[PDB]
């Protein structure tokens, strides 16, 4: 029922879309062809920008297929999209395999975006824990 407004900076890729009814996330495509050598990393454009509602957060998780099969992970997992943010969503990929380079193709699904409520807690300093 909640609508995440999204801008397609790259009109050559489809709107991302929740593939199955209860799935927690929606895959983000690569907008660029990259090769990652073992242990090397890359910030990769996804061709979209989103408006996470106030009181929620965008969360970029790596895909279990790419990671087991090939050792493709995310350096800053889970990547935080703040509600204030309105730039292109990018993914900090890293090749955590010791020998095989990974090739990403513009079009490939290379992460999934979750959205969750987040307690925007008020910090209050105290002297000692009476709790």
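Positions refer to the first chain, counted from 1.
(Q) Tell me which stretch, 4-12 or 121-129, has the higher mean Cα B-factor listed in the entry. (A) So the stretch with the higher mean C-alpha B-factor is 121-129.
Q: Look over 82-90 and 32-40 in the entry and identify the one with the greater average Cα temperature factor.
A: Looking at the recorded C-alpha B-factors, 32-40 comes out higher on average.
**Q.** Candidate set 100, 57, 67, 75 [ranked by C-alpha B-factor, highest]
**A.** Spelled out: the listed residue with the top C-alpha B-factor is 100.
Q) Considering only modelled residues of the same chain, in which third does the CA B-factor of residue 22 rank: lowest, middle or highest? A) For residue 22, the deposited C-alpha B-factor lands in the highest third.
Q: Report the third (lowest, middle or highest) to which the CA temperature factor of residue 61 belongs, ranking only the modelled residues of the same chain.
A: For residue 61, whose C-alpha B-factor we compare with every modelled residue in the chain, the answer is the lowest third.
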